(Lines of atoms letter the chains of each structure in order from A and count residues from 1; the text may use other names and numbers.)
(Lines give C-alpha, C1' and ligand atoms only; values in the text may rest on other atoms or scores of the structure.)
Protein backbone atom coordinates (compact mmCIF):
# COMPACT_ATOMS: atom_id res chain seq x y z
CA UNK A 1 0.00 0.00 0.00
CA UNK A 2 2.70 2.55 0.89
CA UNK A 3 5.56 3.35 -1.50
CA UNK A 4 8.40 5.90 -1.24
CA UNK A 5 10.35 7.36 -4.16
CA UNK A 6 13.66 9.25 -3.73
CA UNK A 7 15.65 11.40 -6.13
CA UNK A 8 18.73 11.80 -3.87
CA UNK A 9 20.45 14.66 -5.73
CA UNK A 10 20.77 18.20 -4.35
CA UNK A 11 17.77 19.37 -6.40
CA UNK A 12 16.10 16.03 -5.72
CA UNK A 13 13.04 15.15 -3.73
CA UNK A 14 11.20 12.44 -1.83
CA UNK A 15 7.70 11.28 -2.78
CA UNK A 16 5.32 9.30 -0.56
CA UNK A 17 2.32 7.42 -2.03
CA UNK A 18 -0.39 6.30 0.37
CA UNK A 19 -2.71 3.31 -0.21
CA UNK A 20 -5.71 5.67 -0.46
CA UNK A 21 -4.12 7.25 -3.55
CA UNK A 22 -2.98 10.51 -2.00
CA UNK A 23 0.64 11.58 -2.46
CA UNK A 24 3.20 13.96 -1.04
CA UNK A 25 6.46 15.19 -2.52
CA UNK A 26 9.07 17.14 -0.56
CA UNK A 27 12.06 19.05 -1.91
CA UNK A 28 15.34 17.68 -0.60
CA UNK A 29 16.51 19.83 2.38
CA UNK A 30 19.88 21.48 1.82
CA UNK A 31 22.31 23.99 3.35
CA UNK A 32 25.02 26.24 1.93
CA UNK A 33 28.55 25.16 2.96
CA UNK A 34 32.03 26.63 2.55
CA UNK A 35 34.47 24.39 0.62
CA UNK A 36 37.84 25.59 -0.75
CA UNK A 37 36.71 29.17 -0.06
CA UNK A 38 33.56 28.95 -2.23
CA UNK A 39 29.93 28.23 -1.43
CA UNK A 40 28.35 24.90 -2.34
CA UNK A 41 25.07 23.21 -1.62
CA UNK A 42 24.90 20.10 0.53
CA UNK A 43 22.00 17.94 1.63
CA UNK A 44 20.80 18.70 5.15
CA UNK A 45 21.31 15.44 7.07
CA UNK A 46 19.28 16.38 10.15
CA UNK A 47 16.31 17.79 8.22
CA UNK A 48 16.21 14.69 6.00
CA UNK A 49 16.13 12.39 9.04
CA UNK A 50 13.53 14.64 10.71
CA UNK A 51 11.48 14.53 7.50
CA UNK A 52 11.60 10.72 7.43
CA UNK A 53 10.57 10.53 11.09
CA UNK A 54 7.33 12.44 10.58
CA UNK A 55 6.13 10.39 7.59
CA UNK A 56 3.06 8.25 8.15
CA UNK A 57 4.44 5.41 5.99
CA UNK A 58 4.97 2.43 8.36
CA UNK A 59 8.29 0.65 8.93
CA UNK A 60 8.86 -1.90 6.20
CA UNK A 61 7.67 0.46 3.45
CA UNK A 62 9.94 0.17 0.43
CA UNK A 63 11.77 3.26 -0.76
CA UNK A 64 12.81 3.17 -4.43
CA UNK A 65 15.92 5.30 -4.91
CA UNK A 66 17.58 6.52 -8.09
CA UNK A 67 20.77 4.50 -8.55
CA UNK A 68 23.90 6.67 -8.58
CA UNK A 69 25.64 6.33 -11.97
CA UNK A 70 27.65 9.40 -12.99
CA UNK A 71 29.18 9.58 -16.46
CA UNK A 72 32.95 9.02 -16.87
CA UNK A 73 33.04 12.53 -18.40
CA UNK A 74 31.67 14.07 -15.16
CA UNK A 75 34.22 15.66 -12.87
CA UNK A 76 35.68 14.03 -9.79
CA UNK A 77 33.52 16.42 -7.71
CA UNK A 78 30.39 15.23 -9.49
CA UNK A 79 31.41 11.70 -8.55
CA UNK A 80 32.04 12.65 -4.88
CA UNK A 81 28.76 14.55 -4.51
CA UNK A 82 26.49 11.95 -6.09
CA UNK A 83 28.25 9.27 -4.03
CA UNK A 84 27.74 11.34 -0.87
CA UNK A 85 24.05 12.10 -1.53
CA UNK A 86 23.41 8.42 -2.27
CA UNK A 87 25.01 7.26 0.98
CA UNK A 88 23.38 9.95 3.10
CA UNK A 89 19.91 9.04 1.79
CA UNK A 90 20.47 5.26 1.90
CA UNK A 91 21.62 5.36 5.52
CA UNK A 92 18.84 7.81 6.47
CA UNK A 93 16.17 5.61 4.90
CA UNK A 94 17.53 2.43 6.48
CA UNK A 95 17.84 4.06 9.91
CA UNK A 96 14.26 5.30 9.73
CA UNK A 97 12.98 1.80 9.11
CA UNK A 98 12.45 1.71 5.33
CA UNK A 99 13.56 -0.97 2.92
CA UNK A 100 15.71 0.45 0.11
CA UNK A 101 15.52 -0.68 -3.52
CA UNK A 102 17.94 1.07 -5.91
CA UNK A 103 16.45 1.63 -9.39
CA UNK A 104 18.44 2.64 -12.48
CA UNK A 105 17.22 5.66 -14.44
CA UNK A 106 16.94 3.42 -17.51
CA UNK A 107 14.54 1.13 -15.68
CA UNK A 108 11.84 3.66 -14.85
CA UNK A 109 12.35 5.57 -18.10
CA UNK A 110 11.74 2.43 -20.18
CA UNK A 111 8.77 1.57 -17.97
CA UNK A 112 7.09 4.93 -18.64
CA UNK A 113 8.23 5.09 -22.29
CA UNK A 114 10.56 8.06 -21.66
CA UNK A 115 13.71 6.59 -23.24
CA UNK A 116 15.74 8.49 -25.87
CA UNK A 117 13.85 11.76 -25.41
CA UNK A 118 15.16 15.15 -26.55
CA UNK A 119 13.47 16.89 -23.58
CA UNK A 120 13.84 14.25 -20.84
CA UNK A 121 13.21 16.63 -17.94
CA UNK A 122 10.03 18.14 -19.42
CA UNK A 123 8.80 14.66 -20.30
CA UNK A 124 9.33 13.44 -16.74
CA UNK A 125 7.32 16.37 -15.38
CA UNK A 126 4.57 15.75 -17.97
CA UNK A 127 4.42 12.04 -17.05
CA UNK A 128 4.36 12.85 -13.30
CA UNK A 129 1.55 15.38 -13.81
CA UNK A 130 -0.49 12.76 -15.67
CA UNK A 131 0.04 10.11 -12.98
CA UNK A 132 -0.43 12.63 -10.13
CA UNK A 133 -2.90 15.25 -11.37
CA UNK A 134 -3.31 16.84 -7.92
CA UNK A 135 0.46 17.56 -8.04
CA UNK A 136 0.18 19.37 -11.39
CA UNK A 137 0.79 22.82 -9.91
CA UNK A 138 3.84 21.53 -8.00
CA UNK A 139 5.38 20.48 -11.35
CA UNK A 140 4.93 23.68 -13.46
CA UNK A 141 8.57 24.75 -13.22
CA UNK A 142 11.63 23.44 -15.04
CA UNK A 143 13.38 23.00 -11.68
CA UNK A 144 10.56 20.65 -10.53
CA UNK A 145 11.95 17.68 -12.50
CA UNK A 146 13.41 16.44 -9.22
CA UNK A 147 9.90 16.25 -7.77
CA UNK A 148 8.85 14.45 -10.97
CA UNK A 149 11.66 11.89 -10.71
CA UNK A 150 10.71 11.07 -7.11
CA UNK A 151 7.02 10.63 -7.95
CA UNK A 152 7.91 8.49 -10.97
CA UNK A 153 10.20 6.28 -8.86
CA UNK A 154 7.36 5.80 -6.37
CA UNK A 155 4.89 5.27 -9.25
CA UNK A 156 7.22 2.65 -10.75
CA UNK A 157 7.46 0.91 -7.38
CA UNK A 158 3.69 0.89 -7.03
CA UNK A 159 3.03 -0.44 -10.54
CA UNK A 160 1.08 2.60 -11.79
CA UNK A 161 0.51 3.00 -15.55
CA UNK A 162 -0.03 6.02 -17.75
CA UNK A 163 -3.21 6.39 -19.80
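Positions refer to the first chain, counted from 1.
- According to the PDB record, 111-119 carries the higher mean C-alpha B-factor of the two stretches 111-119 and 129-137.
- The top Cα temperature factor in the record, among 65, 94, 55, 43, falls on 55.
- When the modelled residues of the chain are ordered by their C-alpha B factor, residue 162 lands in the highest third.
- Looking at the C-alpha B-factors along this chain, the one for residue 144 belongs to the middle third.
- The entry lists a Cα temperature factor for residue 83 that places it in the lowest third of the chain's modelled residues.
- When the CA B factors of the chain's modelled residues are split into thirds, the value for residue 35 lands in the highest one.
- Sorting the modelled residues of the chain by their CA temperature factor places residue 21 in the middle third.
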